[PDB]
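A short write-up of the structure that comes next.
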Amino acid sequence: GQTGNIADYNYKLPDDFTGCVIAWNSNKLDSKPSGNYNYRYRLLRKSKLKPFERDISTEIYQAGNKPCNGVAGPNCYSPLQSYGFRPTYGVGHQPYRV
Amino acid sequence: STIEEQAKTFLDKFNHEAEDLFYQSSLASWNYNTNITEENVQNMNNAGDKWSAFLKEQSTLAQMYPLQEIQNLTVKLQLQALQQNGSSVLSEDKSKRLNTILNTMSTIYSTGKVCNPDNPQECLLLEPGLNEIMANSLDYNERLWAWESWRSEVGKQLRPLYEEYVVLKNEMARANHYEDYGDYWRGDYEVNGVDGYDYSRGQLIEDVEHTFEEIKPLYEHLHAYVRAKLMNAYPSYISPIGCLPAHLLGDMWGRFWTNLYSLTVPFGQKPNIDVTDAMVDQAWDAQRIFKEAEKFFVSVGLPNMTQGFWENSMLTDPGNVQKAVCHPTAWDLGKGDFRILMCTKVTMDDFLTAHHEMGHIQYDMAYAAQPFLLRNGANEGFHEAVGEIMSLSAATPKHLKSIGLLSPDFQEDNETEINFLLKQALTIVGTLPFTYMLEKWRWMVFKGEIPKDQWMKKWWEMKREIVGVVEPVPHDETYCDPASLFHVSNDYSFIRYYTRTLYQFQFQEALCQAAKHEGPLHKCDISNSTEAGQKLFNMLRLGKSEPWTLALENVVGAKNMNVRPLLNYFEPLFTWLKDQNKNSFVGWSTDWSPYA
Ligand SMILES: *[C@@H]1O[C@H](CO)[C@@H](O)[C@H](O)[C@H]1NC(C)=O
Ligand SMILES: *[C@@H]1O[C@H](CO)[C@@H](O)[C@H](O)[C@H]1NC(C)=O
Ligand SMILES: *[C@@H]1O[C@H](CO)[C@@H](O)[C@H](O)[C@H]1NC(C)=O
Ligand SMILES: *[C@@H]1O[C@H](CO)[C@@H](O)[C@H](O)[C@H]1NC(C)=O
Ligand SMILES: *[C@@H]1O[C@H](CO)[C@@H](O)[C@H](O)[C@H]1NC(C)=O
Ligand SMILES: *[C@@H]1O[C@H](CO)[C@@H](O)[C@H](O)[C@H]1NC(C)=O
Ligand SMILES: [Zn+2]
């Protein structure tokens, strides 16, 4: 029952979910000074995801009423954008393993 | 499918990318400031160039969305920030020559040096030697020589450059939607689209005029007292009816009168409150100074500090081989990284500075949730105002006795309070007429009201009529006196300090009323008052999302800046000044001049 970018566009648990959510910090291992851009999250999707769904399709988001014609730029943005994880980051943006 | 829906996604993408790029620029700056080397200089330059390129690209992208089609009043503010057009709207050559003028002015001010005539034995820069002479020396002839020498060295060089600068900035403003560069600067306070809370660019002029008209009696009495003391110091150089001379004010420009405290202290027998020896005898250091400040900010209700903050922040100067800038600064690197860069020593001044910087960081933490374009203070004055209110709250004898720096067996008298209020008056009240006068002259020059052939004549006439300060040697149009100041040379907004001076006292009045304080406002401590912390947090969490009028309403219950907090703060000192100057002619006449 949570509303938010990750909840609706990356991984949605069901309303009647029965399970355990285990999270522990991974800043000691998965943070690099240069910026670990490997990990990515989705911030533009056409609609909300159905519960327990995985969407790996990455095509040019069509925010504009003009056809993107397969390219990006004006009103056409990449669906994925990465976290940049660095050890100096404070709590609230450090990478957590769930 | 609509303008608003399209704008939302673009703003989200820009905020996310700007977070990372601003973090790498800020981290490069922090590394360079802490540890100066060629590699760090290159890294900072590269990060800054990348950030500037990103800002330009996104600004050019964002012009597509008209602002008439956006009706969220937050996306509108973000789009206005993006479309502010920091990239030059003028020609390439015009932008290049504007940058050339700015760089030349900055270089001239920074590298300005004065030597003896036909004598290279001594050559003094501004900060190391000239400022020291102005602050400490009591020689009238030396002070006049230094003042005239600086003016002749800098203003003669900077006059035509500043004329070209004002023409170019007026052209830039006309190219944008503003009238003049004064209008551009006044636009920082402009709030449109919110009925019942709007602020107009023209309203700032009237508000500042009315506030100064209210301040005038207290400043007149302060000027009379300082003039009497300086007459006692220099016998015949000050007239009982004449304005105070410029070079004797304490600093090269007269912005602050704090250097006059030693000469014009009311009661010298009882020393002012000092805790340096006590801190040494109780074995205190910078780490525990910051720990005590953290405890204070917890007690008021603000959140605790971060373990990452404690680990990464360098609160002590490494020294030795390492060289770093020692100007205290609080860094909001972003994404949870909050740091302080301060070569802290064991002084009461450094304790207050640490409180000021931690107030900065608490504000930065408070507005962290808001988007990147809104992660700032509501206007240019609230941020330093929040620093200063904590600075004043943490300097009270009650707080010092509670923390234990002072002996609890002590009791305070009338002379100590009067001396402290007069010192704070020379620090605070003195800079208000100067700031008002400088900003008014700069606005008039931008608007073209003051012609080129009368720039300095009108400047000195307005200074004599407003601040009651007259030049020792009359200056014709060749000199350019205002260009000597750093803010005027580097083109920084200067009414920020006037606004901050009013805002800090309004905040203090509101928080003292919240904290259930009985007594005069100067002896106000908000240490263990939880209600005051929440009342301040109601504004601290907003950031720039809401108008500064609404933020001021949330804190003090008034939608407009008020000076009655300052008047109530200085009421006891005003009574003392009325008692002292009862036999002295309060005010000044424009006729008198040092030159005859
Ligand atoms: C747009 O308006 C909605 C009101 O439903 C608000 O929640 C949202 O925060 C606004 N957009 C931004 C970027 O603040
Ligand atoms: C910014 O400059 C561009 C240059 O083409 C112009 O089209 C735009 O109207 C300007 N925006 C503002 C707010 O002045
Ligand atoms: C968090 O605040 C508590 C008091 O509210 C304090 O004891 C603790 O040390 C703080 N945490 C850190 C990491 O400073
Ligand atoms: C500054 O940084 C460089 C590179 O990280 C390092 O080698 C050096 O020890 C640091 N300090 C000084 C004083 O150069
Ligand atoms: C209050 O201050 C005045 C300063 O004029 C002083 O003369 C008087 O003695 C003070 N009162 C007390 C009780 O010390
Ligand atoms: C504020 O609270 C602290 C912690 O309980 C206490 O030591 C201090 O005495 C209090 N302040 C005053 C003025 O009593
Ligand atoms: Zn400050």
Side-chain angles (χ1 to χ4, degrees), chain B residues 55-68 70 76-92 94-95 171-179 181 183-184 187 190 192 225 265-270 293 297 327-332 338 340-342 349-350 352-364 366 376-377 379-394 411-422 427-428 496-497 499-501 503-504 507 520 522-523 540 571-582:
Chain B
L55 272 183
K56 182 169 72 170
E57 290 178 350
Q58 295 286 295
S59 180
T60 53
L61 275 168
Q63 300 169 346
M64 178 173 68
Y65 310 95
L67 279 196
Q68 55 181 19
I70 300 299
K76 190 168 179 64
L77 267 67
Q78 281 167 260
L79 286 180
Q80 188 271 331
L82 264 176
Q83 282 171 9
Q84 193 64 79
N85 268 20
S87 300
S88 180
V89 62
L90 296 190
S91 181
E92 299 303 316
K94 300 210 293 169
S95 65
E171 291 180 354
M172 168 77 180
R174 299 162 205 274
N176 283 141
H177 295 167
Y178 299 91
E179 299 176 351
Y181 205 57
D183 200 75
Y184 192 95
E190 183 185 6
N192 286 320
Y225 181 69
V265 63
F267 308 105
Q269 320 298 296
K270 301 287 188 177
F297 278 93
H327 165 69
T329 307
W331 296 68
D332 187 359
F338 307 96
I340 288 168
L341 188 143
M342 189 187 153
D349 187 66
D350 281 5
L352 305 180
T353 304
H355 272 262
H356 199 90
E357 301 302 317
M358 287 194 66
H360 291 298
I361 284 190
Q362 292 274 354
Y363 197 77
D364 297 342
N376 284 112
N379 53 6
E380 52 189 2
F382 291 169
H383 187 273
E384 272 291 342
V386 176
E388 264 306 295
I389 57 171
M390 302 299 186
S391 82
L392 280 71
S393 311
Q411 69 265 14
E412 53 198 345
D413 297 346
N414 270 354
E415 292 93 354
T416 305
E417 291 294 330
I418 291 160
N419 296 303
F420 167 60
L421 266 73
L422 188 146
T427 303
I428 279 163
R496 160 191 317 111
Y497 303 102
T499 50
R500 160 201 69 87
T501 310
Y503 291 150
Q504 60 175 108
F507 295 154
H522 53 248
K523 45 177 69 182
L540 305 203
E571 191 272 331
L573 190 72
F574 198 34
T575 300
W576 192 78
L577 288 172
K578 296 198 198 79
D579 183 61
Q580 296 308 119
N581 296 321
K582 60 177 180 179

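Only this structure's heavy atoms are used, side chains among them; waters, hydrogens and symmetry mates stay out. Both counts, for ligands and for their atoms, begin at 1 and track the order of listing. Labels below follow one simple rule: chain letters A, B, ... track the order of the sequence lines, proteins then strands, and each chain is numbered from 1.
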(request) Answer yes or no: are there more than 12 heavy-atom neighbours, outside B:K56 itself, under 6.0 Å from its atom NZ? (result) no

(message) To the closest 0.5 Å, what do you measure between CD (B:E412) and CD (B:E417)?
(response) 5.0 Å

(message) Looking only at protein heavy atoms, which one is nearest to atom 10 (C) of ligand 5, and what is the separation?
(response) B:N414 ND2, 2.5 Å

(request) Quick one: look up the protein heavy atom nearest atom 4 (C) of ligand 5 and list residue, atom name and how far away it is. (result) B:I418 CD1, 4.3 Å

(message) Would you say atom 13 (C) of ligand 5 makes contact with the protein, given that contact here means a non-hydrogen protein atom less than 4.0 Å away?
(response) no

(request) For a side chain to side chain donor-acceptor pair (under 3.5 Å) with B:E384, tell me which candidate from B:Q504, B:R496, B:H356, B:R500 qualifies. (result) B:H356

(request) Could you find the nearest protein heavy atom to atom 8 (C) of ligand 2 and give me its residue, atom name and distance? (result) B:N85 ND2, 3.8 Å

(request) Compute the angle centred on the Zn ion (ligand 7) spanning NE2 of B:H360 and NE2 of B:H356, and express it rounded to 10 degrees. (result) 110°

(request) Answer yes if the ring centres of B:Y363 and B:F382 are under 6.0 angstrom apart, and no otherwise. (result) no

(request) Output yes if B:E357 passes the N/O/S-under-2.8 Å test against the Zn ion (ligand 7); output no otherwise. (result) no

(message) What I want to find out is whether B:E171 reaches B:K94 closely enough, with some N-O distance under 4.0 Å, to be called a salt bridge.
(response) yes

(message) B:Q80 and side chain to side chain donor-acceptor pair (under 3.5 Å): which single residue from B:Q84, B:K76, B:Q83 fits?
(response) B:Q84

(request) Please confirm whether B:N176 comes within less than 3.5 Å of ligand 2 when only nitrogen or oxygen atoms on both sides are compared. (result) yes

(message) What's the separation between atom NE2 in B:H360 and atom OG1 in B:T329, rounded to the nearest 0.5 Å?
(response) 8.5 Å

(request) Give the numbers and elements of all ligand 2 atoms closer than 4.0 Å to a heavy atom of B:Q83. (result) 13 (C)

(request) Report the part of B:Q63 (side chain from C-beta onward, or backbone N, CA, C, O) that has a heavy atom under 4.0 Å from ligand 2; answer both or neither where that applies. (result) side chain

(message) Would you say atom 2 (O) of ligand 5 makes contact with the protein, given that contact here means a non-hydrogen protein atom less than 4.0 Å away?
(response) yes

